[PDB]
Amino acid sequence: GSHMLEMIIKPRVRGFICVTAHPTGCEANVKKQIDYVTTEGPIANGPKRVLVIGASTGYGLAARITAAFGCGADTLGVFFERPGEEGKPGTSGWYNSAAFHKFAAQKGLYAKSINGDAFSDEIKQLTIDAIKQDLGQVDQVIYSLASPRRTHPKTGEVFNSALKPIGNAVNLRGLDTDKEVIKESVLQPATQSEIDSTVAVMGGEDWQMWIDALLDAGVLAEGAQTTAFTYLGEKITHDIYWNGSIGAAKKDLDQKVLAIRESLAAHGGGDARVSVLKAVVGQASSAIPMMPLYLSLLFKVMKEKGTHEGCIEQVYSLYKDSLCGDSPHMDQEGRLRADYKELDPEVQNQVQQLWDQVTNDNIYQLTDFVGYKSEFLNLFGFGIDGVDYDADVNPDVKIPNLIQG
């Protein structure tokens, strides 16, 4: 009985985390993103050898798809995901990457991946080894890691990021997606240890270590380009994000990009940019219970303007308009901006007005909580058109050219 080794996979939510993922739906979700890119069409003058650090979900996956299927790039991806086992579905990023390798091969594109802690020196060395064997050098490095923790590669100290305001405590309104209630909670201000730790995790040091490793090992091409992703948002999120602990980390990136640009700009006119992207649903949205509410409002407002987008739409335009084209959406500290439609004054004014009106009773009248919930499930391969969720699947989906760290 093959059925002994297969199962019907359904969403299982433990609080705010979906702990299952559907391999067929994840494949279909990747193909939907690829098909968006191929439908919008190729991007000229892009990189042809791309390293994506954090390439398995979210914005890093979108960059990997954009580079490969938009720019025709060979792509080496680094991520940290759990393979499937019998009776135990792997993480969505595992299945996403399996699909990516499948579709890349179909198009005659190289796809190799490294599964392991990108903060460590060993993973950096495995990545260098892979570039040397296969690509010689890479033309572009996407830095798209998101983690709540970082094990320092030298000291071994384990840093945990904090998601707190700075200075004063703040009352943050939010949406509990389990209870489906609007709820306010008071977050205490970050300690200095919490700030320093968040800067260590989501700051720019590891990005810098990556680039200096590739340079020292000589696998960074003359003039190569590198970008790290960031979020600024608008006032509604300023207290906890931009001006809070995680914002102190993102502020470390506007400093680090300058030293990185210095090194690349001497290397055949390469370039480096912090790239600012819009808010989207991700696996850990509810890491701030404010974000499900903000997203539900933002979605409705932007859908009414025809400007709602997800990861792949955002990153495709980042590549076509700014990383490769001559509409480089530059701002005053030299950041590439793709988030301008979210920050539109009238959008933010409308989101603000609705923020003050939303209650337990009018959530579905005032917000796109429906859309938030659907896009959340889509991350894990659920709710996808054309998938037969009644069919058995083997959760142990394997990936060729997957280097296990």
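One rule holds for the numbers: they count along the sequence shown, beginning at 1.
J.: Would 90 to 98 or 262 to 270 have the larger average of its C-alpha temperature factors, as given in the entry?
T.: Comparing averages over the C-alpha atoms only gives 262 to 270.
J.: Looking at the deposited entry, does 342 to 350 or 367 to 375 carry the larger mean Cα B-factor?
T.: According to the PDB entry, the answer is 342 to 350.
J.: Pick out which of 111, 142, 166, 293 has the highest C-alpha B-factor in the PDB entry.
T.: Answer for 111, 142, 166, 293: 166, with the highest C-alpha B-factor.
J.: Reading the B-factor column of the entry, which of 127, 227, 75, 133 has the highest value at its C-alpha atom?
T.: Of the candidates given, the C-alpha B-factor peaks at 133.
J.: Is the Cα B-factor recorded for residue 13 in the lowest, middle or highest third of its chain?
T.: Answer is middle: the recorded C-alpha B-factor places it there.
J.: Looking at the temperature factor on the CA atom of residue 79, which third of the chain's modelled residues does it land in?
T.: Lowest third of the chain for residue 79's C-alpha B-factor.
J.: By its CA B factor, does residue 280 count among the lowest, middle or highest third of the modelled residues in the chain?
T.: For residue 280, whose C-alpha B-factor we compare with every modelled residue in the chain, the answer is the lowest third.
J.: Could you place residue 325 in the lowest, middle or highest third of its chain by Cα temperature factor, using the values in the record?
T.: For residue 325, whose C-alpha B-factor we compare with every modelled residue in the chain, the answer is the highest third.
J.: When the modelled residues of the chain are sorted by Cα temperature factor, does residue 191 land in the lowest, middle or highest third?
T.: As the PDB entry reports it, the C-alpha B-factor of residue 191 lands in the highest third of its chain.
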